[PDB]
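In what follows, one protein chain appears twice in different forms, each by itself as structure tokens: structure 1 and structure 2.
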Structure 1
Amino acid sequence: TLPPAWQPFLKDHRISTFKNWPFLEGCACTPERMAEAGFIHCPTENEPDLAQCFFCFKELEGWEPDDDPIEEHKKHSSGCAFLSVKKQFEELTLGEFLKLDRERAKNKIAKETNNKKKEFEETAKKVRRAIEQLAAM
């Protein structure tokens, strides 16, 4: 019985996001191992195997059955602090937990601002080009 916003810190919540995950028993990147590694399932029509770390917000697709989710998390987002968490959720102190939730919020913000920066720069390219075209004739 925990607030929706904190659910993703719980392994069982993360497992439960995996609706129609294609890699089941026999495979290394099962729901159990994806969740153990921090991922939740964020499928689209386009990107049906899409997964995201709840903590650092890295988004990975193109999963292969032999992929070890933890190694993939390490390779693709090595600064992620969730990877450092050795203790079970209930063995954390509230101070530790609050320190973690603050870093998560900062990660979320950083991701959102990184997105805004790329969208802006793309708009800037369109405006620039259009002005250049006009000055030509």
Structure 2
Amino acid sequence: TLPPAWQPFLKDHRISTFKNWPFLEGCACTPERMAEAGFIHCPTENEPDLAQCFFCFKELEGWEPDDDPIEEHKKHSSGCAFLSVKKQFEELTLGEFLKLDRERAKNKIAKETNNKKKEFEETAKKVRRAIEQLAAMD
């Protein structure tokens, strides 16, 4: 057992998340390929094919059989450092692993910051709309 917070760096842990993934053999976006590209399966009732990059936390859905997970990851999150990792996990140096883990942590902060901004703006629009109606009154 490696420390639970470091498990997502292991491709086999990532593959294990795809318990009910619908795209299997014959498709480009098989669980092996999705896990290779850095994705974990995060299904919901609303979004059963929802997948998240463990490293940059980009969330993608609406997968089709011909979707190449690497190509999709590159298209939607071109700055994700995981995409530049050419080595296998075991070949990473400790220094490299630690640097990747700090970059992942910065990414998680960035994702939370982004979700907080989005939530606030949803509210600010509704508020702004209401006040716009009042201002429109004599």
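Shifts are known only where both forms have a C-alpha. Here, residue number means position along structure 1's sequence, counting from 1. Under this definition, the rigid core comprises the largest set of C-alpha atoms superposing within 1.5 Å between the forms.
- Taking the rigid core as fixed, one finds a CA shift for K11 smaller than 2 Å between the two structures.
- Once both forms are fitted on their core, a CA shift of 2 Å or more is seen for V127 between the two structures.
- Here the two forms are laid over each other by their core, and the C-alpha of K118 is off by 1.4 Å between the two structures.
- By the rule of 2 Å per CA over three or more consecutive residues, the rigid core superposition between the two structures yields one shifted run, at 124-137.
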